[PDB]
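Chains as they are written, first to last, in our numbering: chain A, 1 to 242; chain R, 1001 to 1331; chain W, 2001 to 2131; chain H, 3001 to 3120; chain F, 4001 to 4179.
Don't be surprised by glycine CBs; every beta carbon is placed ideally from N, CA and C.
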Amino acid sequence: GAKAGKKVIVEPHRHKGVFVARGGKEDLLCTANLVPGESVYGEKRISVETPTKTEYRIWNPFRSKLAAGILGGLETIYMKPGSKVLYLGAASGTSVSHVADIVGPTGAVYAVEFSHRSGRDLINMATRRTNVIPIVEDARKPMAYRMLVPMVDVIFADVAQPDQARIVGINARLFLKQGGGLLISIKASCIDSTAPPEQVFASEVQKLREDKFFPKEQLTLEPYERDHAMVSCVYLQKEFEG
Amino acid sequence: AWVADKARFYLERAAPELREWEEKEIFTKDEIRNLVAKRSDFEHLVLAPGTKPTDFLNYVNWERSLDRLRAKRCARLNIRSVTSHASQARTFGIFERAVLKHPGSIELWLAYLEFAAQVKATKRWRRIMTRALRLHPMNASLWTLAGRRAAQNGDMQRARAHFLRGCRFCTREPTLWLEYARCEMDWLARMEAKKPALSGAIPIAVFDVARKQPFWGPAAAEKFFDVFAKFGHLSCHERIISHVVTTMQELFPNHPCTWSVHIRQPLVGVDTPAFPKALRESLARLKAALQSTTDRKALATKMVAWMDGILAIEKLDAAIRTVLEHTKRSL
Amino acid sequence: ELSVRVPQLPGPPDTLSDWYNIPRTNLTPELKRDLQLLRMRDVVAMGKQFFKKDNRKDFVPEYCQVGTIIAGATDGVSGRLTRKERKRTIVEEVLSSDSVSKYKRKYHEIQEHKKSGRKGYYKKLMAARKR
Amino acid sequence: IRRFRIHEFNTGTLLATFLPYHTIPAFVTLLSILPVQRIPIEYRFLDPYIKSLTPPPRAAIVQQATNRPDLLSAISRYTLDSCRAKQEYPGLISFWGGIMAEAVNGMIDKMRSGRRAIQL
Amino acid sequence: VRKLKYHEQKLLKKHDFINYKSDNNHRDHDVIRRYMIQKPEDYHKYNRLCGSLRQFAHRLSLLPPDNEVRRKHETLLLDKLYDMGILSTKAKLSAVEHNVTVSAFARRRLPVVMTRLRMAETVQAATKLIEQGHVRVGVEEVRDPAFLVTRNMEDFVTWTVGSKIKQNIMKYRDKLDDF
RNA sequence: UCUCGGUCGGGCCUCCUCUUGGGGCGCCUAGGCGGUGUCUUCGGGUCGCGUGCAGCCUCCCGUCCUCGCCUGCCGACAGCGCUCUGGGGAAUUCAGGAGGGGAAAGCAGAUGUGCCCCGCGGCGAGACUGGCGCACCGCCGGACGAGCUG
């Protein structure tokens, strides 16, 4: 396997922020770590001594559907460095740490955890990384942190809830700039167990267009997870930013 | 950028006053051109994108000073026809767009208030004060100035209204509370000078709510006692002084401020054979407070400051003066 | 408080703002060999792993950095190289692995197959014709 | 400068009164903001320093002073104006004396001929 | 003028500042640059010649096909232009019509045809040579860079007597006679 | 000076007035060169083993013998592309285009102040009143009103 201490190189990936570490027999995904030299979850990290302080962190795609989607090769995830990134589903903040490392010390992540102990993990990672603020409350009630979240540009969402479309609809209606960019994770077994998952995907899409989006890309993150679809869309317009 | 055009509006409205001043012998043509030029440059400076309250004050000072010069010169020319209305009105409009662009300047606000008050527009003044209070609800100074203007006019109910809304708001500092007590006792003094208020229980009441205020401190009650001790020539002044004394004795018993008010307590309306007798009484209080188990450094600092005021007042006896000097040196 | 300024008034860019300043690659000949290896990482795995044949003609990325894996605290019994296997360079690592024999074997196969009928063959014919 | 553009319309004077402090950051900054074709014809020799914003050293000044008469006449006339005006000060006078002395040394080094008439 | 906006474009449909319909796609200019002429007056003189030529062709075709004088002048125009090199065949009036062209004239000027014979690398640099004057015709030198080289003279136009160029050639090909 | 007709000119409109038996610059290769790595042939040496015979054995260095690799040059013909006031390069001048931030960026109807009076309108203490009310618990409506204010 990709055992520790191997000499690999890092090159830029076409989305900003993310880099790709390639070496020997292994190619894999990585991001500049803000808080240098300290793991998040016993993740592997990459050192480099530049002519010291700079260190990167690998992601596991099996762990984060965000990673898996990038490896599948989405077009654009809208979260350039500097972009205010709402998260939904701060499942103890692993991928949230990764996305914080993307948006950097100039960006911002506002996170939503509903469970408490996961939230303890979450606020721990927030206490480390300054650019992510946590929010622990019910994502179904964006009134609960309407005082706390300003206008963000990209909504990531990965909650496993059956009302997912109306959830993202209301949170978008309260927190998204015209020209909104969003990604959402679909577990077809969670939305509708009986149905064929592709049609499940379609129904999700049509609910989202009903809630005024425009889908523009969509793929099964297949060789990293079964029956999940990443969907990329825009709020309220066609081209991405403005 | 539309700045030229917006200036075109304001300068074109400025025109006919200048037409009239041309048509009078009050100014000559080159002066007129100087005036128009300066006005245009200032107006452009105001409607610039990046502007600042200092620039605003600069401009309005220019116009107001022009008004005064015009007045002086037409007085020298003994001409009564010209008014100041248009100048004052355009001056107002300057203040209005000033507060639209920068609402957040106490400095520019108070300049506005003072401008209105010097020209005699009290209804407008109350409106302006209203908006300023609405934009800065933590500012004791504006709260005070509004309420003090209301009390000086005499509208005691609206004075109380401003002050109660302000004490409802500004609960970090005691400052408004002392100011409201000050003007309320001043109103009681106005009633006594004109001679319920027969009781005058209201400074007791504000002291009672002060007791549960967030800033509620021993030093707070001490300054309360100070402003109460001002103008003791009253009726229930001894009543309220006894009350504040017994309350802070019950609450902060061995505080050096409690010992300080225990000293300076019987000196309510005194200047005078009643002067040195109460002096000796408070001096017995002082020696008792000094020998008592209190923070002697704090109490002595309080006492040498009060003695600094005491020696600041004149007309006393030398033996008394020197024994105060010795009791201060012994601290 | 208000002091005299300093004057300091006297091409394609150097470090990348849009990727947290990966520097432009200094091109050590070892790094060039490394990149040659990486573009050939297909033939490294002798049939045991096929990669997506990401081949430009210009095998060089204009931005790069040479790094090393730190520590997988989950796996520290085998997922880590021993000191005598912690080599300075990628090509050194692939040297220190096995199947260098197998490389040699395949190379000498192709050596034969291209020495097939080219010139020594013909000289042997003309010799055994001249005799 | 920012009002009357002294550096543009009284160039030679300001360059004159800053030349004595020719080692200092003030002088280099002024050197930056000077307009080139505006520099008086004697002082044109500071242009490579404008191209490279470092102060010139005193040997460079004295060498141009030795070659030309006009720069030396100019410095002397400036400092004479000052001391006619009773506004001189020991730093400037020391500057002027040093530069005049080294310049005259070098000038006699040039004027030596051997040939009787050219020496005369 | 900036790229005009949407509605302003829909008003300035027929407005353009460069390509005039009188400017004729700038055919004048496109050719003149491509063929290195020095006198757009010389372009238009070429042109009205080509025009007289084409109206002769058109009226010639207008003549009924069976006539002697038609046959005689078909042959005459064709073989004459062919000996002026501007054509490529000598048996097709349709080729005279939609083929005879000022561009073909320019490619039978002098510098273009010395590029074709390979005197020099690019017809610009050829113009520079013959302006300095290394380039002879027959036995004369030639300065006028519009000396229209007819086909009987392409075989002759060569280098002049005392030329550093000719001596350079002999230098490279190693026969450099100093006599 | 109200129409009308006709006319080898023009305005307007059209398709030609370019797509060259051409040139430059590239791709592509047969291959020459430089760097350089094997395999064969032997010879010298070398770590060690052995019986220190015989041998065995690691490593190196040189010859022979050919073959191969290099974003390395150059690269004939033929085929293709681009492009032609030839192709590069640097300063510098003007004419546009595309995108990133930074910017309260904010003229929907731009009327001096103060008074009183009138008109109209709001709050607004308080005082009534009509009918309705088969879960019976209260509704909803008229019209007076001190005082304040627009």
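For the segment 3099-3111 of chain H against the segment 3062-3074 of chain H, are there 3 or more C-beta pairs whose distance is under 8 Å? A contact exists between the segment 3099-3111 of chain H and the segment 3062-3074 of chain H.
For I184 (chain A), write down the residues that DSSP places opposite it in a beta bridge. For the purposes of this step, residue 184 (chain A) is identified with residue 184 of the first sequence, where counting begins at 1. Bridge partners of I184 (chain A): A:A157 and A:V231.
Counterpart residues of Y56 (chain A) in DSSP-defined beta bridges: Indexing the first sequence from 1 puts residue 56 (chain A) at position 56. Paired residues: A:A32 and A:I46.
The alpha helix (DSSP H) spanning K4171 (chain F) covers which residue range? Here residue 4171 (chain F) refers to the residue found at position 171 of the fifth sequence. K4171 (chain F) -> alpha helix (DSSP H) spans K4164 to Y4172.
Anything in the segment 2009-2034 of chain W with a Cβ closer than 9 Å to a Cβ of chain H? List those residues in chain order, please. Of all residues in the segment 2009-2034 of chain W, only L2009 and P2010 come within less than 9 Å of chain H when Cβ atoms are compared, listed by chain position.
Report the three-state DSSP secondary structure of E2062 (chain W) (helix, strand or coil). Start at 1 with the first residue of the third sequence, and residue 2062 (chain W) comes out as number 62. Reduced to three states, the DSSP call for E2062 (chain W) is coil.
Backbone CA spacing between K1123 (chain R) and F175 (chain A) [nearest angstrom]: Start at 1 with the first residue of the second sequence, and residue 1123 (chain R) comes out as number 123. Start at 1 with the first residue of the first sequence, and residue 175 (chain A) comes out as number 175. Just so you know, the alpha carbons of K1123 (chain R) and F175 (chain A) end up roughly 43 Å apart.
Interface residues of chain W around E11 (chain A) at Cβ under 7 Å? Counting from one through the first sequence, the residue named residue 11 (chain A) turns up at place 11. The contacting residues are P2061, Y2063 and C2064.
Using a Cβ-Cβ cut-off of 8 Å (strictly less than) and excluding sequence neighbours within five positions of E1173 (chain R), which residues of its own chain qualify? Numbered from its first residue, the second sequence carries residue 1173 (chain R) at position 173. Around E1173 (chain R), the same chain offers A1140 and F1215 as residues with beta carbons nearer than 8 Å, after the five sequence neighbours per side are excluded.
Contacts around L1018 (chain R), its chain only, beta-carbon distance under 8 Å, and the 5 residues preceding and following it disregarded: One-based indexing of the second sequence puts residue 1018 (chain R) at position 18. Cβ neighbours of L1018 (chain R) beyond the five flanking positions: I1032, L1035 and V1036.
Quick one: what's got a C-beta closer than 7 Å to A1086 (chain R)'s C-beta in the same chain, skipping five residues either side? Your numbering for residue 1086 (chain R) matches position 86 in the second sequence. Result list for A1086 (chain R): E1017, in chain order.
Contact list for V3028 (chain H) against chain W, beta-carbon separation under 7 Å: Translated into positions along the fourth sequence, residue 3028 (chain H) becomes position 28. In chain order: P2007.
If we ignore side chains and look at the alpha-carbon of each, how far apart do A202 (chain A) and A165 (chain A) end up? By one-based count along the first sequence, residue 202 (chain A) stands at place 202. By one-based count along the first sequence, residue 165 (chain A) stands at place 165. Taking the straight line from one Cα to the other gives about 12 Å.
Against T52 (chain A), what residues of chain W qualify as contacts under a CB-to-CB distance less than 8 Å, listed in chain order? Here residue 52 (chain A) corresponds to residue number 52 of the first sequence, with the count starting at 1. Contact annotation for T52 (chain A) against chain W: no contact, minimum CB-CB distance about 12 Å [criterion: below 8 Å].
Assigned secondary structure, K4003 (chain F) (DSSP; H/G/I helix, E/B strand, else coil): If you number the fifth sequence from 1, residue 4003 (chain F) lands on position 3. Secondary structure at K4003 (chain F): coil, using DSSP grouped into helix, strand and coil.
Exposure label - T94 (chain A); buried when at least 16 CB within 10 Å: In the first sequence, the residue the question calls residue 94 (chain A) occupies position 94. Result: buried.
Are the C-beta atoms of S3094 (chain H) and some chain W residue less than 8 Å apart? Counting from 1 along the fourth sequence, the entry for residue 3094 (chain H) is found at position 94. Chain W, which has no Cβ nearer than 8 Å to the Cβ of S3094 (chain H), makes this no.
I133 (chain A) CB to nearest chain W CB: under 8 Å? Taking the first sequence and counting its residues from 1, the one referred to as residue 133 (chain A) is at position 133. Cβ-Cβ to chain W under 8 Å: no for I133 (chain A).
Could you round the C-beta distance between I1026 (chain R) and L1077 (chain R) to whole angstroms and report it? I think they count as a contact, below 8 Å. Here residue 1026 (chain R) refers to the residue found at position 26 when the second sequence is read from its first residue. Here residue 1077 (chain R) refers to the residue found at position 77 when the second sequence is read from its first residue. Yes, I1026 (chain R) and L1077 (chain R) are in contact; Cβ-Cβ is about 6 Å, under 8 Å.
Check the Cβ of residue 1972 (chain W) against every Cβ in chain H and list those closer than 8 Å, keeping chain order. A query on residue 1972 (chain W) cannot be resolved here, the shown segment of chain W reaching from 2001 to 2131 and no further.
Within chain W, the residues that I46 (chain A) reaches when beta carbons sit closer than 8 Å: Residue 46 (chain A) sits at position 46 when you count from the first residue of the first sequence. Neighbours of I46 (chain A) in chain W, taken as residues at a C-beta separation under 8 Å, are given in chain order as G2067, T2068, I2069 and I2070.
Residues in the segment 3039-3053 of chain H having any Cβ partner in chain W nearer than 7 Å: Across the segment 3039-3053 of chain H, CB contacts with chain W closer than 7 Å involve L3053, in sequence order along the chain.
Between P3057 (chain H) and the ligand FMN, is there a pair consisting of the residue's CB and a ligand heavy atom that are separated by less than 7 Å? Although the ligand FMN was asked about, the structure shown includes no ligands whatsoever.
With a threshold of 8 Å between beta carbons, is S3032 (chain H) in contact with chain W? Sequence index remark: in the fourth sequence, residue 3032 (chain H) carries index 32 (1-based). True, the Cβ-Cβ gap to chain W drops below 8 Å.
Beta-carbon contacts of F1163 (chain R) that lie in its chain and below 6 Å, excluding the five residues immediately before and after: As a working note, residue 1163 (chain R) is residue 163 in the second sequence. For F1163 (chain R), where only same-chain residues beyond five positions count, the Cβ hits under 6 Å are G1147 and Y1180.
Would you mind telling me which residues of chain A sit closer than 7 Å to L2125 (chain W), beta carbon to beta carbon, in chain order? The residue labelled residue 2125 (chain W) in the question sits at position 125 within the third sequence. Under the 7 Å cutoff, chain A gives no residues; its nearest Cβ is about 46 Å from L2125 (chain W).
Limits of the unbroken alpha helix (DSSP H) element including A68 (chain A): Translated into positions along the first sequence, residue 68 (chain A) becomes position 68. In the DSSP assignment, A68 (chain A) falls within the unbroken alpha helix (DSSP H) covering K65 to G72.
Check whether the Cβ atoms of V2060 (chain W) and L2035 (chain W) lie closer than 8 Å to each other. Position 60 of the third sequence, counting from 1, holds the residue named residue 2060 (chain W). Position 35 of the third sequence, counting from 1, holds the residue named residue 2035 (chain W). In this structure, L2035 (chain W) lies closer than 8 Å to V2060 (chain W) by Cβ.
According to DSSP, simplified to helix, strand and coil, what is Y3021 (chain H)? As a first step, residue 3021 (chain H) is located in the fourth sequence; it is residue number 21 there, counting from the start. Of the three classes helix, strand and coil, the one that applies to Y3021 (chain H) here is helix, per DSSP.
Can you tell me whether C1183 (chain R) is buried or exposed, with buried defined as 16 or more other CB within 10 angstroms of its CB? Counted from its first residue, the second sequence places residue 1183 (chain R) at position 183. With 16 or more Cβ atoms within 10 Å of its Cβ, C1183 (chain R) is classed as buried.
Can you say whether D121 (chain A) is buried or exposed, counting buried as having 16 or more other CB atoms within 10 angstroms of its CB? To locate residue 121 (chain A), count along the first sequence from 1; it is residue 121. With 16 or more Cβ atoms within 10 Å of its Cβ, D121 (chain A) is classed as buried.
On a Cα-Cα basis, can you pick out the residue from F:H4073, F:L4012, F:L4110 and F:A4146 that is closest to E4041 (chain F)? Reading the fifth sequence from its first residue, position 41 is the one you call residue 4041 (chain F). Each of F:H4073, F:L4012, F:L4110 and F:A4146 was checked against the Cα of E4041 (chain F), and the nearest Cα belongs to F:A4146.
Verify whether the separation of the beta carbon atoms of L1057 (chain R) and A1001 (chain R) is less than 8 Å. Here residue 1057 (chain R) refers to the residue found at position 57 when the second sequence is read from its first residue. Here residue 1001 (chain R) refers to the residue found at position 1 when the second sequence is read from its first residue. No, the pair does not count as a contact, with Cβ atoms beyond the cut-off.
On the three-state DSSP scale, how would you describe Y41 (chain A)? Walking along the first sequence from the start, residue 41 (chain A) turns up at place 41. In the structure shown, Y41 (chain A) sits in coil (DSSP, three-state: anything other than H, G, I, E or B).
Taking DSSP as the reference, what is the three-state secondary structure of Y4020 (chain F)? Indexing the fifth sequence from 1 puts residue 4020 (chain F) at position 20. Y4020 (chain F) falls in the coil class under three-state DSSP.
May I ask you to list the residues that DSSP assigns as paired with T2015 (chain W)? Within the third sequence, residue 2015 (chain W) is the residue found at index 15, counting from 1. Answer by DSSP bridge pairing, in chain order: W:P2023.
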